Structure formats: structure tokens, C-alpha cells
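Protein chains in written order, with the authors' numbering: chain B, 6 to 316; chain A, 6 to 317; chain D, 6 to 316; chain C, 6 to 317.
Just so you know, even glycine gets a beta-carbon here, dropped at the ideal spot from N, CA and C.
Heads up: the structure comes next, in C-alpha cells.
Number of protein chains: 4
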Amino acid sequence: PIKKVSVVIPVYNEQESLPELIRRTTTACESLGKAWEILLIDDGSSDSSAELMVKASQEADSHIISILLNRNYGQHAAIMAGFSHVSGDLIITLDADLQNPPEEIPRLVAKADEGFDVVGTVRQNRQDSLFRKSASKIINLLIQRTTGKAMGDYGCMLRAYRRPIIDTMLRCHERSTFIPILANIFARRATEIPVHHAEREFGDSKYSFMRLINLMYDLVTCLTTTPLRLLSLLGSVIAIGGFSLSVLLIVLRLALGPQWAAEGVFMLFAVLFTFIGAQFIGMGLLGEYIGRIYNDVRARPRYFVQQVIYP
Amino acid sequence: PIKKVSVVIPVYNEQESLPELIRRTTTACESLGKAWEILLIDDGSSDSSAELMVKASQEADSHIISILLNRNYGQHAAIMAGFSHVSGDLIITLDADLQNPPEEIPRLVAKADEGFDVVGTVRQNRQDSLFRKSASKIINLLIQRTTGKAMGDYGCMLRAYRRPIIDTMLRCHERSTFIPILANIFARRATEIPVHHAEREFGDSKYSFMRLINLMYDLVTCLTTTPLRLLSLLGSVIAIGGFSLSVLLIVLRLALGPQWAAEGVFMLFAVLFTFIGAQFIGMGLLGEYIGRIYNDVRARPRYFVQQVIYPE
Amino acid sequence: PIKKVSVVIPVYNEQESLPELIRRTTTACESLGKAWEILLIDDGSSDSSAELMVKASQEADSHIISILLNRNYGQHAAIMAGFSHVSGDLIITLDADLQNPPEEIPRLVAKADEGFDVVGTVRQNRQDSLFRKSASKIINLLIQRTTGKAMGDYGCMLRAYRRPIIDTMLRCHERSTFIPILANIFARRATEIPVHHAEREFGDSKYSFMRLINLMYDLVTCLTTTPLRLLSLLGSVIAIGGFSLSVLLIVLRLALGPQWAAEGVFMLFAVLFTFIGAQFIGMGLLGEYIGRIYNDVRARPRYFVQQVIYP
Amino acid sequence: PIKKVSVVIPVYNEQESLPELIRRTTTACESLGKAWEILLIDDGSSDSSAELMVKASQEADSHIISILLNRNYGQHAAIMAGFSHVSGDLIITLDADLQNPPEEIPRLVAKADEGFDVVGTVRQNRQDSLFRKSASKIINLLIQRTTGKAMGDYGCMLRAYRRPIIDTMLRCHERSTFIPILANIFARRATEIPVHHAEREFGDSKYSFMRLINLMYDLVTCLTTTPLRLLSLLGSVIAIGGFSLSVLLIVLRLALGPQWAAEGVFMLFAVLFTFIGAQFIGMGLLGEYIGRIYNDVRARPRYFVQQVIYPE
Ligand SMILES: O=c1ccn([C@@H]2O[C@H](COP(=O)(O)OP(=O)(O)O)[C@@H](O)[C@H]2O)c(=O)[nH]1
Ligand SMILES: O=c1ccn([C@@H]2O[C@H](COP(=O)(O)OP(=O)(O)O)[C@@H](O)[C@H]2O)c(=O)[nH]1
Ligand SMILES: O=c1ccn([C@@H]2O[C@H](COP(=O)(O)OP(=O)(O)O)[C@@H](O)[C@H]2O)c(=O)[nH]1
Ligand SMILES: O=c1ccn([C@@H]2O[C@H](COP(=O)(O)OP(=O)(O)O)[C@@H](O)[C@H]2O)c(=O)[nH]1
């Protein structure tokens, strides 16, 4: 079933390209022909972006819904705040400074007619720092390993959500979540298509080094509790290494008395590493319990049954 | 009292031997004579296993109830997802590659007539990695120490649960639990019987080294919070040992100075070990609070009544 | 207001003195004159204690309510399990093997008529290990410091609770709690009286070294989250000690070159202590956050207003 | 819009200067001319402070509403307990020993006429321990960095809150919060004004060294979870430094061997530095997870709307 469509867009000091964005979005949604609404979310922009929001609000026959926040909460928080005041169904989330061509929105909607609950974009010809490209590849393989299904582009925010799934993510107790991955978790039928990607024209990058670390750290912590087990494994490796050094130095003690001058300090020094190993494995044990606590306080569903058959 | 019985079996990419498993389970249930249902749970198998589930569905007069998941959650999650859509009573959990002979299911049901709420299986002549056998023995002694009652083999998925106990597991908020251990905790009358063991045959084992570590960490976390207190005790031992060595070395220093050349650094090391021990103590204290958090978030019923009498 | 009284007693392999305990409790409650009920809780006793429970249940005109558990849960858990099936009001909790003379129960009830919500026993002439007496004194001063009121005897289990407060502790999300201290937390009007203490006659001590550590460790963790801050303080002390040693060795470097032969190892070893200190303060920071988590997951009330006055 | 106003004041053993405080507050409220109420909150004061509360109660035509607690919970808990039984709007929090002149209360109320939801006080010419002044400056720069908006002095209890915002704090499950910081987080329109500062005079300060450490740790935990990520960054720096030293020392060893006698222990120390760094990384990972635990157990509303418009 398809009804009133709503497109939710964040914005953060992007008033330079904003009027062109509004014109292109209006043209695309009018070309779609289905009844439409627009919800722009201001994340406490410094400049006169809220002023343009109010100006768009005053303009009659505009389906814009102006919402501005008291604080820069983070983008994902802004998409979620837009999710709070959704109307109709088939929520469309789009970039602010036209990094994603809005003209593609009907195609997603068209593919939304196929029946897929989640619609994603490949976003081909993506360009970034080569180290960041390698990080994207490794996190993509990690997320497809953990989830058991491959999803092309995580960083792309051009996505479509149905009303039931957006309600489901409204209900969840999670804070500081990653919208695409959480939506993919609550998916019955998902798909992805390629779309053209264009560089930022008037606007500049609003993701600093600290913001980059925060966003992919948030993504990795929202993904799984696996990395804590890695700490336990590293501790186990260090402990076995320390024990091997201890037994080798016992062999040396059985051998010539002075090894590398006085190896006496070495006799305790190696077991210091053993103690370090022990402390690391202790960290691992704590980590696993913390992981469990996290898995229980998120109230993540246990099984999401795809289908059931009776005789 | 015993009624309509249903058997819940997980599956993950076991279509190779699956039709023979279905035939043997149907034959065993028909030989039992009691009204029966079968529930296969697919954990998002890669191959055409869901296809065989649907094919069994269309088969006329089938008691199969095929349930398909959206992803590979893991085994215990699949058993509990099957537990969600159970009917009747005396739920029996089997394997997907005939490692446990299904022909033994009436015997459990027969012992279910005795009145035991949990009926476990002693796996006889079980063969595995000798290190893994030693790990099984140490976990068995740990669980019998903690529970105060010894049970044969926790690892066996062949087990029997009554409807009240399965409801008890259904109520809890605990994510990533171990079904047999939790059932043993929430038990009124438990027993165990020996059963023959067979290999995977055509099928292969799916539990890898990482999956083995994950599951045994899961079971130790689900059983008790004791190991954090064990860490605190180990830290206490290291701290007291370090302090004793420190005082002995300072006594030797006061007794004589020229006995060694660099014994000074020995006292320098003698304190840092105490620091390391003290650091472990911190771990212990931290751990205990997380223990409570765990005990507080899982919402475990503190007491369960074995048998209540109201005199009048 | 006063109605049907109930006395809840745990038991754990104490069938040797059990019949005499039942006779004395029945005599005392009959002497009280108020309508009475008795609830004995078996903590999975090995011997034929459940057999005596059933025998007492079969005996007509007995207000005993026989409840036995599937597992040795711990005593406090057994008192809580008795708390589950309470009837009437003024719950009386008593020791099993007559360490506390039951003949004093009406006096508590008599003082319960004064209006105090919580009734405690001093339990004078208490005898135990001198180290354990010192531990009792220090934990008593700690609990009176933390709570801001003094309460005589924590280890004494002869206590009286009203129905509202027992309902309050039933409602709480806490697991493995300490009944007397938790009751004192939810107190509007509390009091304590001295009572005679008698040694165990037929029964032996059922608290081993491991059980002793478990019980007072449970008490201290249920009391406050203060001990985690002690970790941070000791980390700060070790860090400042390491920094002092580092600056003294810099002074020595300014002084004669070789101090105690080669002090370069000392130079780096001081900063090793510095790193250890830093790690300990990290421990402290984690500890504080865990403390907060514990305080919020317990759902402990924030203020318990004693009284309000309007103009 | 501004209506009936109430002033909430904590107290803990401040009966020495209390009658003068009550007289000055009554005079200031009468000079204001708006309908007014006073709520004193006693945090289980040892001396006869509750007695003076009751005596003020019996006093005819008094707007005082005396509330007495069963124990010394602490300050912030007492302010929020007073927040429980508030009436009207524009709640003002004062001090119990006249350190902040009550005569300034109408000015806040006057600035409350401007429309600001939060009205804070700049405590001018404030004097304290120079180390504590430096601590105040560093916490101020930290909070203005995290919030993105600079506020004068967090430590001042003289502040103004509107009824919607006080309801917002009343709704949250957070135990042991810092009221001014939380109010600044849940703010629509905030401002600050300078006010004269006076000493405790007859009264003494109640915040001891342990209480100071407790409160500033409370405020840093209530503000942000940043310091755990700072610990992870410090660990990363130590790890990379240790690895660099290790590779430099092995390069020097390959270049020459007889340059030193015991350079071996140098590499031995270098690797354990890397281990220490890794341990700090472990702290970082754990603390981040605990951060999430903190965020989702406190149930903070992720977004708050400054101003919503529905075009039509
Ligand atoms: O704190 C922030 C930072 C960014 N954004 C949004 O994120 C967009 C960033 O767009 P883009 O993906 O083109 O930036 P890039 O990844 O190219 O730096 C901004 O326009 C905002 O709408 C936000 O809402 N809050
Ligand atoms: O990711 C997995 C792996 C296995 N299984 C189930 O667990 C069984 C494990 O089989 P088996 O006992 O033969 O392997 P083992 O435990 O001996 O390694 C499989 O047949 C499946 O039914 C599952 O549900 N999910
Ligand atoms: O695991 C346990 C241990 C003890 N108890 C109860 O604690 C009592 C101990 O009595 P007492 O205080 O006289 O022992 P003591 O402190 O003298 O060793 C037993 O009789 C039981 O009722 C229990 O219920 N569960
Ligand atoms: O345990 C305490 C200590 C203090 N206070 C309150 O906090 C005030 C602190 O006074 P002041 O600001 O003069 O002390 P400072 O913060 O300067 O140390 C007291 O008057 C009380 O109203 C409280 O509620 N509980």
C-alpha cells in the first residue's frame, strides 16, 4: 500500500545551496505525481539557515515542515528528530548540500512499488581518502560478515523507509544509533540500486577528524560486541608468549648460569608479561559481560522471523 | 500429566541428510502413537534448505511447521524462536545432522511419564578433541560446583522441557542465553539417561573455533558471575605475594648490601608486582558491580518454589 | 493499625532443633494473643527437613505454611521468598536454630504498637572472632556514615517489618540484597531494643569462609558505590608519587651523573609507575560510571520525604 | 507569560543565619509585588533546623512550605525534591547561608519577563582556592567546548527555571544529576547576569574535599562521556610512541651492539610500553561501551525542539 510520501532532509549551515535544493526537490516530487511532504531539520545552524526555514514555512502551497533544534545533536540525531514528526509513509532521507542528486527520488519510490521494505543506493564513482576507502572496504566486509548479508554503501544516506520500520526504530531504547544499519536490522525485504554521485559544489565538508572518528566509532559499536572478544584473544596471545619466554629462560637457567650477563631480572621480567597477559584476559572477561549488558539494555529483538508455514 | 507432544529441531544448511532425518523422525513419532507435531527452524541457511522446508510443508497430512528466519542468529536463538510457536507439552530438542539418534525420542517421552520436568541425555562414548574433552570435564565440574547438582553433559542438545518451564524461559528478558543451563536452573524434577552417539556422516559440524569460544564464553556468563570474584582472589594472592617479597628483599638489603650488584632493581620490581596485584583488585571490584548489573538487567527470578503447601 | 501477624523463618538442615523451635514459637505467639501465622522456608536442605516441613503441614490447627525451594539460593533469598507469600502484616524474621530467643517476639510486637515501621534488635553479649568483631565495628561506622543514622547490629536477623515496606522491597529490581539494610533505607520510623543472645546448641555454623566473604561483600556492594572512588584516589596517590620520583631523579641527573650506578633504568622506571598511576585513574573513571549505572539500574528512590507542611 | 512564582531553597544545618534569610527573602518577595511562595528543603540537618522550619510553618500568612527528608541525600537531590512539590512557574534556587544575596531575586524575575527559559547568574569577584579557580576555568572551557555555548559559572546555585523545563527534569530517570548543567542541556532560551558575592558570614561551607571531588566527578559524568574517548586517544598515543621507540632501538641494535652494555632491557621496556598502550586501548573500548550503557539507561531524549513550525 502507498499513500502520502514524506522526504526528511537534515541541514547544518547549508543555506548557500538551500534554495536550489528546495526547487529541485519540489520539481522532482511534482514530477513523481504522488502527494508529497518535505521536512527539513536544522541542527542548530550558526548562520541564517533557520531564517530560510521560516521563509520557506511562510511561502504558501509549500509542503515544507520547518523544524529547528536547540543544539547541534549530530546528523543521525537530526534524521531521528525528523523521524519523530513523520506523516504518511515511504520516508525519504536525503543529503543536505546536494551530494546526492534529488532527481533520483521517484526511481526509489518506483522501486518502493516493488514491495521492498528498505531501499538503498549503491552511490557509484564514490571518491574519498584512500585510507578511508580501505576503512570503508574493511568495515563493509565486517558488516556483511556480522549481518550475514552484503549491503553496498553504508556511508550513503540516500535511503527509503516504510512507516512500520520507522515506528519500530522510534520504539527502540537505543541512543546514538546509525540509521541505515539499524533499518537493515529491522528489514523483511531490502534492495539497493546504483545512483550517480556528485561532489559538493557551494558547501564544504562538515565532518572534521573528531567527527569522522565519532561517526565510524559509533557505527562499529552499534554493529556488534565482537571487538571486546578481540581484547581477550590478544590477552591470551600475550599470556602464552610470556609463558613460552618463562619456560625458555628456565631452560637457559638449566644451561650456562649467566645468560646475556645477569638474566636474573629476565626470570621475573618474563612473568611480568605473564601478569600483563592475565590482566588483559581479565579485561576480556569484563568486556564480554559489558557486551552482554549492552545487548540486554538495547532491547534488541532475539529472532526476527522472516516467514512461518502451517500444514 | 502428558498430552499432545511437539518436537523442535534447528537446521542450518543440513539439506544433504535432511529427508532421511524427516523420514526417521516421522517413523519414530508414529511408533510413539501419541499425537505429535514437528517444528523445523531455519537459521537463514545459504543453500536450498528453506526450499525443502516448504516442500515438506506442501506434503499432505504433515505435522511439520516450517519457520524461516531473516538471518543466521545462532543455534540457541533458533531453539528459543521455535519455543515461541510451540504447541502441547514436553518439548524435545533434536539435531539437524542425525548426530543424536532420533529413534530415542519415545524413551525420553517414556521417562516423561515418570514425572521429571527436565529429561537430559548422557552422551556415551562421545569423541572430540582431547583438549575439548578436558574443557568439557572442567566446565562440568564448575557447573556441578555452582549448581550443587551434577549433570552429565551440558553440550548435548537432546533434552526434554515441559510447557511451564518453556513458558518460564519465554518470560525472561535474557538475550544470548544457554537453553539447557537455564532450564536446569529453572527445574523442579530433573533426570538424565544414556543414549548412543553417531557421527555427522554426510553433514559437517558448523561450530568453528571462534564459534566454540563464543558458545563456551556464553555458557560461563549465563551460568554464574563467579569468575570476576576469582579474578579478585587471584589479584589478592599476587598482591600479598609481592608485599611479602618486598619486605623480604628490604630485610636482606638491611642485613647486607654487597651480596649482589643490582638487587636495588629487585625491590623496584618487588613493589610493581604489588601494584599489578592492586590493579587486579580493581578489576575484581569493577567486575562485581558489572555482575550486579547483569543480575539486575536479566531480571532473573531470585527464588523458584520446588513445592508449596498451604496447611488447613 | 494491627491485624494478622506472620512470622517468616528460614531453615537450612536445622531439623535437629526444629521441633523445639516450633513448640517455643507456637507458645510465644499463643501468649501474644493476636491471631498468628508461621512460614518456614527450606533452602534445599539435604537431610529430612522437608519431611518435617510436610509433617508440620499435615498437623491440623497449625498456622505453619510449609514452603520448600528447588535450590540453595542463599539465606537472604530465602527470607525474600518467604516475603513473597506473606499474609496479614508485621512480618517477623527469625533465625532457624534458636540463636535468637523466640520468646522475645511479643516485645517487638508490643513496640510495633508504638508506631515504628522498623523494629530491630541490639543483640547484646554478641561473641565472634576478634577480627570479625573489628570488621563489624568498622562496617557499622561505615554504614552509619553513609546512611547518616546509626543502627546497632547489622548481622542480627531478628527484625520486624510492616506490610507497606515489605511490598516496597518486593517491588524493587535489586537482586542479592541485604534485607535489614534495605529495610532501613525504606524506613519512616525505625527503632532498636536490646535482646538476649544464646549460642547455637544442637546446630553448627552454616557460614563457611567463602559464605562469609560472599555475605559481607554483598553487604558492602549493596551499601554504596563509594569504594570505586577509593580506587581513583589511590591511583591519584600513586601517580603523584611517580611524578615526585621522576622530578627527584631529574634533580639527581642535574647532580652527579651516575646515581646508584646507572639510574637511567630508574629514570624510565619512575615513568613506568606514572603510567601505572594513569591506568589506575582510568580504572577510577570507569568505576564511577559503573557506579552510576548500578545506581540507576537499582531504581533506588532519589529522596524519601519524611514529612511536608502546608501553610 | 509569567504567573505565580515560587522560590526553592535547600538547607543543611544553617539555622544560625536562617531567620535573617527568611526575613530578607520575605522582604524581597513583598517588594516584587507578584504572588509568591517559599519552599525550604531540609536535608536531615543534625541541629534544630527542622524545628525552625516548623516554627515558620505555624507563623500566620506564611508562604513557606516546609519539607523534611529522612536523611542527608545531598544538595542536588534536595533541590530536585523541592522541584517535586513546586507550584506556579519561574522556579528560583537560592542558598541557605546568604552567600548569594537574595535581594537580587526580582532582577532574575525581571529578566524572566524578557522570555529566557533559563536565567543564570555570573558570580562576579568570586574568591576561592587558586587551584579550585583553575579547576573551575578548565571545567568551564570543557563544558563550553562540549555544549558549543559558553556559560559563566556552573557552580552558582542561583538560577531560574520555567515550569516546562522543570517538568522535563522531573520526567528523567537520571539519579545523581547536576541541575544547572541538565537545565542548560534542556534549554530553549538561556541568559546570564552578574550578581554581587558575599561570604558565608556566621555559617560555614559544608562542601569538604571529598564532597568537592564527588560533586565535580558528578558534573563531569552528567555532562558528557568524552573522557573515556580521551583515555582511548591517550592509549593510542602511548602505543604508537612505544612501537616507534621499539623499532628505533632494534635499528640501533642492528647498527651496533657494543654501544651499551644493557640496551636489551631497553627493547624489553619498549615492548611493555606498547602493552601498556594496548591496555589503555582496552580501557577505551570498555569505557565507550559503558558510555552507551549510561546514555541508554539515563533515557535522555536524543533531540529537543527549539521551535517547530507547521506551514499551512
Ligand atoms: O553535525 C552535523 C554535521 C553534518 N550534518 C549534516 O550532514 C551533511 C553533510 O553533507 P555531506 O555528506 O555532503 O558532507 P561530506 O560527507 O561530503 O563531508 C550536512 O549538510 C548536514 O545536513 C548534520 O546534520 N549535523
Ligand atoms: O550457526 C549455526 C550453526 C549450527 N546450528 C545448529 O547447530 C547444529 C550443530 O550440529 P552439530 O552438533 O553436528 O555440530 P557440533 O556442535 O558437533 O559442532 C546444526 O546442525 C544446526 O542445527 C545453528 O543453528 N546455527
Ligand atoms: O545457605 C544458607 C545458610 C544459612 N541459612 C540460614 O542461616 C541460619 C544460620 O543460623 P545462625 O545465624 O545461628 O548461624 P551462625 O551465624 O551462628 O553461623 C541457618 O539456620 C539457616 O536458616 C540459609 O537459609 N541458607
Ligand atoms: O550535604 C549537604 C551540604 C550542603 N547542602 C546545601 O548546599 C549549601 C552549600 O553552601 P555554600 O555554597 O555556602 O557552600 P559551598 O558550596 O561554598 O562549599 C548549604 O547551605 C546547603 O543548603 C546540602 O543540601 N547538603
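Taking 6 Å as the cut-off, does the CB of residue i come closer than this to any heavy atom belonging to ligand 2?
i, result
"residue 19(A)", "yes"
"residue 101(B)", "no"
"residue 294(D)", "no"
Excluding the 5 residues flanking residue i on each side, which residues of the same chain have their C-beta closer than 8 Å to its C-beta?
i, result
"residue 132(C)", "202"
"residue 7(C)", "39, 94, 95, 114, 117 and 118"
"residue 105(C)", "99, 126, 128, 161, 162, 163, 200, 202 and 203"
List the residues of chain D whose Cβ lies closer than 8 Å to the Cβ of residue i, in chain order.
i, result
"residue 270(C)", "270"
"residue 165(A)", "Here the premise fails: no neighbours, minimum Cβ distance about 17 Å."
Between which residues of its own chain and residue i is the CB-CB distance below 7 Å, once the five residues before and five after are set aside?
i, result
"residue 228(A)", "148, 151 and 186"
"residue 67(A)", "61"
Please report the straight-line C-alpha distance between residue i and residue j, rounded to a whole angstrom.
i, j, result
"residue 251(D)", "residue 276(D)", "7 Å"
"residue 370(C)", "residue 23(C)", "Outside the modelled stretch of chain C, which goes from 6 to 317, sits residue 370(C), for which no answer is possible."
"residue 287(C)", "residue 29(B)", "48 Å"
"residue 138(B)", "residue 233(B)", "25 Å"
"residue 282(C)", "residue 237(D)", "19 Å"
"residue 146(A)", "residue 77(B)", "55 Å"
"residue 183(B)", "residue 255(D)", "50 Å"
"residue 4(A)", "residue 217(A)", "Any question about residue 4(A) goes unanswered here, given that chain A covers just 6 to 317."
"residue 206(C)", "residue 108(C)", "17 Å"
Skipping 5 residues on each side, what residues in its chain have a beta carbon closer than 6 Å to that of residue i?
i, result
"residue 39(C)", "10"
"residue 129(C)", "199"
"residue 123(B)", "188, 192 and 195"
"residue 111(B)", "37"
"residue 278(B)", "247"
Should residue i be listed as close to ligand 3, given that the test is whether its C-beta is under 6 Å from any heavy atom?
i, result
"residue 127(D)", "no"
"residue 77(D)", "yes"
Using a C-beta to C-beta distance shorter than 8 Å, which residues of chain B count as neighbours of residue i?
i, result
"residue 10(A)", "Residues of chain B passing the Cβ test: none, with the nearest at roughly 16 Å."
"residue 71(A)", "313 and 314"
"residue 283(C)", "239 and 285"
"residue 226(A)", "293, 294 and 297"
"residue 254(A)", "What residue 254(A) touches in chain B: nothing, since even the nearest Cβ is about 11 Å away."
"residue 302(C)", "302"
Whose Cβ in chain C lies nearer than 8 Å to the Cβ of residue i?
i, result
"residue 89(B)", "308"
"residue 232(B)", "290"
"residue 280(D)", "243, 278 and 281"
Under 9 Å between beta-carbons, which chain D residues line up against residue i? List them in chain order, please.
i, result
"residue 129(A)", "Those do not exist, as residue 129(A) stays about 28 Å from chain D at its closest Cβ, beyond 9 Å."
For residue i, return the contacting residues in chain C, with the cut-off set at a CB-CB distance below 7 Å.
i, result
"residue 273(D)", "274"
If the cut is a Cβ gap below 7 Å, which residues of chain D does residue i touch?
i, result
"residue 77(C)", "153"
"residue 248(A)", "Per Cβ cutoff of 7 Å: no residues; residue 248(A) is ~15 Å from chain D at best."
Under 6 Å from any heavy atom of ligand 4, does the C-beta of residue i make it?
i, result
"residue 47(C)", "no"
"residue 15(C)", "yes"
Compute the minimum distance between the beta carbon of residue i and the heavy atoms of ligand 1, and state whether it is under 6 Å.
i, result
"residue 307(C)", "no"
"residue 311(C)", "no"
"residue 210(B)", "yes"
Give me the chain B residues within the contact set of residue i, using Cβ-Cβ distance strictly less than 7 Å, ordered along the chain.
i, result
"residue 85(A)", "307"
Under 9 Å Cβ-Cβ, which residues of chain B neighbour residue i?
i, result
"residue 49(A)", "153, 154 and 311"
May I have a chain-ordered list of the alpha helix (DSSP H) segments no shorter than 4 residues that lie completely inside the region 72–122 of chain C? 80–89 and 110–117
Which ranges would you report for the beta strand (DSSP E) in the region 176–206 of chain A if only whole runs of at least 3 residues count? 195–200
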